[PDB]
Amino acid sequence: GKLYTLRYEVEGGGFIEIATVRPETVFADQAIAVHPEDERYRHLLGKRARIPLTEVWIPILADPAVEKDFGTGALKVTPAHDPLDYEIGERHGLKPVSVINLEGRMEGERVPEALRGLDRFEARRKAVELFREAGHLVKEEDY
């Protein structure tokens, strides 16, 4: 597998970078969480970030469960698809949004048209290319 670092547009200008090994779940993001003491993102608390390939904006919020040394230190939170995110979601009242159905296929208005209906694994590969082509892929690392 690979680790992808994506740049999400920030309200007012600029970007915040997030790392993930599950690029296909980006569309289910409900928040970007950062540790309240992280100087890299403190000034972004309270502003919003736009999910790549969508017109959806999500809050950049503070949560002490975030590890500054993991990934970029900025954690994309998808309550519907990760157990820790679910807890962050509970702490902040986030609404879980799922973009992968029980049969394992991508679904939902927030999912890019070219990805709807694809099985999760093919969607992962394709999502990376859509991100790359659109200028959201900062980098990729091999395990």
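Position 1 is the first residue in the sequence shown; the rest follow in order.
Comparing the deposited coordinates for 54-62 and 25-33, the stretch with the larger average C-alpha B-factor is 54-62.
Annotation for 74-82 versus 89-97: the higher mean temperature factor (C-alpha) is found in 89-97. Of the candidates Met106, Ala49, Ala114, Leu102, the one whose C-alpha carries the top B factor in the deposited record is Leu102.
Annotation for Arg110: C-alpha temperature factor in the middle third relative to the rest of the modelled chain, per the entry. Among the modelled residues of its chain, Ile18 has a C-alpha B-factor that falls in the middle third according to the deposited record. Sort the modelled residues of the chain by CA B factor and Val128 lands in the lowest third.
When the modelled residues of the chain are ordered by C-alpha B-factor, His43 sits in the highest third.
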